[PDB]
Every structure is written in C-alpha cells, then in structure tokens.
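Please read the structure below before turning to the comments.
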Amino acid sequence: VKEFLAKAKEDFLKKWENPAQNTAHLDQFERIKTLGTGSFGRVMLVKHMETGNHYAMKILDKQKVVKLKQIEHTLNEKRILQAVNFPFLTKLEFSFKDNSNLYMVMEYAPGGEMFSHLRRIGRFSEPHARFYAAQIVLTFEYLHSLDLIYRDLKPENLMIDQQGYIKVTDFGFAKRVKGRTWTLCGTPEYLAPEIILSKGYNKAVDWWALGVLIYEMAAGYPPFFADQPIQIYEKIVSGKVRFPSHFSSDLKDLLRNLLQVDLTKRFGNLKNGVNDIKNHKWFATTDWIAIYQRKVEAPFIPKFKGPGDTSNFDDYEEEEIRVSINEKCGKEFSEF
Amino acid sequence: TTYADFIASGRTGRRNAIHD
Ligand SMILES: O=S(=O)(NCCNCCOCc1ccc(Cl)cc1)c1cccc2cnccc12
C-alpha cells in the first residue's frame with residue numbers, strides 16, 4: 001500500500017507538472033447523444049472514428065464557465081484528470097479546445113449512474129452497498145495521497161461499468177491542496193458541517209461525504225433531507241441522524257464515526273488514517289486487494305445491449321455545438 | 001414513513017452541485 005502509493009505519486013507528479021494538451025480535435029468524433037447537462041456545459045456520447053471507440057465527451061462553454069467564476073475549477077478538473085490513474089476513476093483520453101468550447105473526452109460507461117439504479121431499485125443491501133463503498137474507500141486513499149480533495153461524492157457522480165464496478169466522474173471541484181481550503185462547493189445533502197459553517201476545511205469532508213453515501217445507498221434516502229437547501233444545512237449542523245431499523249449494528253457504528261461533526265474523532269481523519277475505516281467490523285468481509293483487482297463478483301451487472309447503447313441514460317434535448325469564428329476567453333484558458 | 005416523506009419531497013431527482 002505505502003509502496004504502491006509512493007510509485008503512484010511519482011507517476012502523478014510527472015503528468016501534473018507537464019500536462020497533456022491538445023491531443024485530439026472535434027472533427028475526429030461523431031456525436032451521438034446527450035448523456036447529461038449542466039450550467040456551463042453538456043456531456044455527449046461520441047464515436048472516435050479512427051478506432052470506433054465510444055467516449056463521453058464533456059463540452060464546456062468557455063463564456064459560461066467565466067460567467068460562473070469556474071475558470072480555476074475547470075483548469076483543476078482537466079489538469080488533475082489527465083494526471084491520475086486508478087481503476088475506479090474514469091479516464092481522460094483526450095482534451096482540446098476551440099474558439100468557443102473546452103472538451104474533455106473520457107471513458108464511456110453505458111451502465112449509467114449509480115443514482116439511476118438506486119432510485120429505481122429503492123435501496124441497496126449492505127453487501128451491495130459495501131461493495132461500492134470499498135471502491136470509494138480505496139479511491140480516496142489514492143486521491144488523498146496525491147494531495148487531492150474530490151469534493152463531490154454522490155451517486156449521480158458514480159458510473160457503473162460493464163463489470164458492475166464503479167467509475168468516479170465529475171472532477172469539477174477536485175483540487176490539489178496541501179493545507180486548508182475554503183470554497184463553498186459540493187452538493188447540499190453531502191456537505192460537511194465545516195463547509196456550511198464557512199471554516200477552512202480539508203480532505204475530511206470527503207470522509208463525511210462517504211458517510212452520506214453509504215447511508216443513502218443502504219437506506220434509499222439521505223441522512224439529511226428537506227425541500228430546500230437551508231432546511232438541509234440546519235439538519236446537518238444539528239448533529240443528529242436517525243438510522244433505519246433495518247441498519248445493522250456495525251453499519252450504524254461506521255456511520256457514527258463518518259458522520260462525526262468532531263474532526264478529532266471523524267474516521268479517515270485520525271492518526272490511523274484510512275485503516276480506521278478499512279479495519280472496521282462492517283468491512284470485515286472485504287478483501288481490499290480483490291476489490292482493487294476487480295476479482296470480487298459484482299452484485300449487479302448492467303444490462304448490456306451494445307457499446308454505445310444509451311438506454312441507461314435519460315433523454316435530454318439536443319442543441320447545436322456552435323464554434324464562433326472568434327476566439328473567446330483565450331487567456332483565461334491558455335493552459336487548458 | 002421516512003421513505004414516504006422522501007419520495008414526496010422535491011429532491012428525489014438529480015441534485016445540482018452548488019458553489020459560492
Ligand atoms: O456527465 S455524465 O454524462 N454523467 C455523470 C453525471 N454527473 C452528475 C451531474 O452532472 C450533470 C452535468 C452534466 C454535464 C455537465 Cl458538463 C455538467 C453537469 C459523464 C461524465 C463523465 C463520464 C461519463 C461516462 N459515461 C457516461 C456519462 C459520463
């Protein structure tokens with residue numbers, strides 16, 4: 001582990017200090033279907049003509065990025081993603097830009113988001129939940145060793161691959177920071193109390209977010225919900241969670257130590273780091289190496305019906321990808 | 001039930017990221 005991580009760090013640092021840039025062009029891809037939309041961009045399924053490989057191409061409108069003050073965040077996303085390498089991280093295959101947009105071409109997961117299956121099915125059994133959570137525990141161990149904070153764990157950001165393993169996507173808030181940082185970002189249901197109370201925080205907020213995820217996966221709803229974000233923040237800051245009667249003793253005790261407002265006691269944050277989590281009784285069945293190796297049998301495997309089938313995704317209205325004859329925001333995105 | 005309250009809530013769909 002220590003050894004693996006040391007070498008992992010050497011690999012990351014080389015790409016971090018000398019990022020890949022301009023490794024494809026838009027006309028190399030055929031655009032098939034919108035798989036998701038956001039405030040400053042969309043993601044489309046595309047075909048790479050030269051390989052016939054299918055990819056999820058994230059397209060960001062530079063002007064809208066600038067309007068929403070997401071320049072540095074967007075540079076973080078690309079710079080971090082091109083540098084990392086881990087089985088449960090979606091891979092950035094190509095990045096480029098044109099007059100109008102930024103593009104990140106990432107590995108496609110036709111299985112859809114965890115969110116979709118969780119909502120439909122209602123909830124995951126503890127072993128099912130535990131299987132996903134293990135991959136998150138390992139992924140954060142990896143990311144955190146590189147000085148990266150992820151900052152948006154949720155089911156909407158976890159793709160199910162063709163082996164039923166997960167890919168973490170959406171690095172828009174990921175940041176390489178050795179000290180404390182202060183940006184209010186995340187998703188309301190998943191925010192640590194530190195963030196809400198506008199303190200400087202650190203990687204411990206990812207461990208709290210893990211607690212929220214495990215809970216939601218196993219309960220079928222989040223530990224803190226209301227109709228409005230303000231009502232959610234109140235709940236989170238009160239320091240009170242009710243667990244379903246069906247939750248096992250071990251699960252509840254893991255969640256008490258993750259959803260811990262007190263940082264000196266929150267698991268993942270302590271003197272014994274991630275092993276506090278890994279050696280907990282709830283995980284006692286988990287073979288961590290077999291999970292990393294993808295040798296554990298997945299409790300659910302997505303229904304396959306083609307390398308570019310989109311049936312696990314919802315339908316979104318299509319829009320032209322327009323490229324201006326004028327370069328927008330060249331300077332802001334010079335390093336992209 | 002808590003499940004009933006959740007499903008009746010306005011936050012069972014995809015949740016947007018927030019930022020300052
Ligand atoms: O964005 S995705 O379509 N799905 C992940 C969804 N994340 C949850 C909320 O995002 C909404 C959103 C979508 C696009 C943009 Cl640019 C902003 C906000 C996606 C990203 C990366 C790799 C993928 C691989 N396969 C399918 C979908 C992929």
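We label chains A, B, ... in the order they appear in the structure tokens, count residues from 1 in each chain, and number ligands from 1 in the order shown.
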
Env of range 233-241 of chain A: 8 Å cut, atoms = only C-alpha atoms, seq-sep filter 2 positions within chain, self excluded. Answer as an mmCIF file with N, CA and C atoms, in the first residue's frame.
```
data_model
loop_
_atom_site.group_PDB
_atom_site.id
_atom_site.type_symbol
_atom_site.label_atom_id
_atom_site.label_comp_id
_atom_site.auth_asym_id
_atom_site.auth_seq_id
_atom_site.Cartn_x
_atom_site.Cartn_y
_atom_site.Cartn_z
ATOM 1 N N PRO A 188 -25.689 19.988 -1.556
ATOM 2 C CA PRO A 188 -26.177 20.250 -0.198
ATOM 3 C C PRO A 188 -26.246 19.044 0.755
ATOM 4 N N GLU A 189 -26.915 17.977 0.319
ATOM 5 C CA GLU A 189 -27.056 16.763 1.099
ATOM 6 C C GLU A 189 -25.720 16.167 1.558
ATOM 7 N N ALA A 192 -20.075 18.568 4.493
ATOM 8 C CA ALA A 192 -19.668 18.503 5.905
ATOM 9 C C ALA A 192 -20.099 19.794 6.612
ATOM 10 N N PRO A 193 -20.319 19.714 7.925
ATOM 11 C CA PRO A 193 -20.676 20.914 8.698
ATOM 12 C C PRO A 193 -19.635 22.048 8.578
ATOM 13 N N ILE A 196 -20.457 24.184 5.533
ATOM 14 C CA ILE A 196 -21.639 25.006 5.776
ATOM 15 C C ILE A 196 -21.328 26.195 6.683
ATOM 16 N N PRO A 223 -29.367 10.898 4.906
ATOM 17 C CA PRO A 223 -29.491 11.123 6.347
ATOM 18 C C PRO A 223 -30.089 12.484 6.682
ATOM 19 N N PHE A 224 -29.892 13.442 5.782
ATOM 20 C CA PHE A 224 -30.358 14.797 5.950
ATOM 21 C C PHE A 224 -31.021 15.188 4.650
ATOM 22 N N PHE A 225 -32.349 15.280 4.674
ATOM 23 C CA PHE A 225 -33.074 15.835 3.537
ATOM 24 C C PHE A 225 -34.246 16.749 3.945
ATOM 25 N N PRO A 229 -32.351 23.588 0.430
ATOM 26 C CA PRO A 229 -31.008 23.534 0.997
ATOM 27 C C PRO A 229 -30.828 24.080 2.419
ATOM 28 N N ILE A 230 -31.417 25.246 2.734
ATOM 29 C CA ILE A 230 -31.314 25.836 4.098
ATOM 30 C C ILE A 230 -31.827 24.884 5.185
ATOM 31 N N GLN A 231 -32.957 24.227 4.921
ATOM 32 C CA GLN A 231 -33.506 23.247 5.853
ATOM 33 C C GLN A 231 -32.537 22.051 5.953
ATOM 34 N N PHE A 243 -31.141 6.392 12.068
ATOM 35 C CA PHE A 243 -30.891 5.279 11.182
ATOM 36 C C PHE A 243 -32.163 4.418 11.053
ATOM 37 N N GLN A 260 -19.337 12.322 11.754
ATOM 38 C CA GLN A 260 -18.902 12.869 13.026
ATOM 39 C C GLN A 260 -18.563 14.344 12.830
ATOM 40 N N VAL A 261 -19.324 15.243 13.455
ATOM 41 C CA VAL A 261 -19.014 16.676 13.371
ATOM 42 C C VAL A 261 -17.636 17.002 13.974
#
```

Practice item. Could you give me, as a ChimeraX atom specification, every polymer residue with an atom at most 9 Å away from an atom of ligand 1, counting only C-alpha atoms and all ligand atoms? Key: /A:34-45,55-61,90-92,104-113,115,154-161,167-170,172,310,313 /B:14-17

Review point. Mind listing as a list in words which residues of chain B are within 6 Å of chain A, counting only C-alpha atoms?
Key: residues 9, 10, 17, 18, 19 and 20 of chain B

Point to revise | Backbone-only DSSP, alpha helix (DSSP H) members of range 97-144 of chain A, as a PyMOL selection string | key: chain A and resi 114-121+126-144

Hey, what's within 8 Å of residue 179 in chain A if we count only C-alpha atoms and toss same-chain stuff fewer than 2 positions away? As a tab-separated table (two decimals) with N, CA, C and O atoms, in the first residue's frame, please?
```tsv
chain	number	residue	atom	x	y	z
A	177	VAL	N	-4.39	20.53	-2.93
A	177	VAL	CA	-4.18	21.47	-1.84
A	177	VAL	C	-3.56	20.74	-0.64
A	177	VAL	O	-4.03	19.67	-0.23
A	181	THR	N	-8.56	24.69	2.68
A	181	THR	CA	-9.16	25.44	1.59
A	181	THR	C	-10.55	25.88	2.04
A	181	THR	O	-11.04	25.41	3.07
A	202	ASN	N	-10.56	20.47	4.97
A	202	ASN	CA	-9.60	19.59	4.31
A	202	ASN	C	-10.26	18.28	3.83
A	202	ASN	O	-11.46	18.19	3.75
```

Exercise for review: as a ChimeraX atom specification, list the residues of range 80-243 of chain A assigned to strand (DSSP E) by DSSP on the backbone atoms of this structure.
Suggested key: /A:92-97,101-107,148-149,158-160,166-168,175-176,185-186

Revision key, fill the gap. re CA of residue 10 in chain A and CA of residue 85 in chain A: distance 11.5 Å

Practice item. Could you jot down the CA of residue 3 in chain A to CA of residue 209 in chain A separation for me, Å, one decimal place? Key: 27.1 Å

Practice item. With a distance cut-off of 9 Å and only C-alpha atoms, select the neighbouring residues of residue 175 in chain A, excluding the residue or stretch itself and same-chain residues fewer than 2 positions from it, and output the selection as a PyMOL selection string. Key: chain A and resi 73+76-77+80+147-151+171-173+177

Point to revise | Residues within 12 Å of residue 136 in chain A, only C-alpha atoms, excluding chain neighbours under 5 positions, as a ChimeraX atom specification | key: /A:86-89,129-131,141-144,150,153-155,157-159,165-169,206-207,209-211,213-214,274,277-278,288,291-292

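Between CA of residue 334 in chain A and CA of residue 21 in chain A lies a distance of 10.3 Å.
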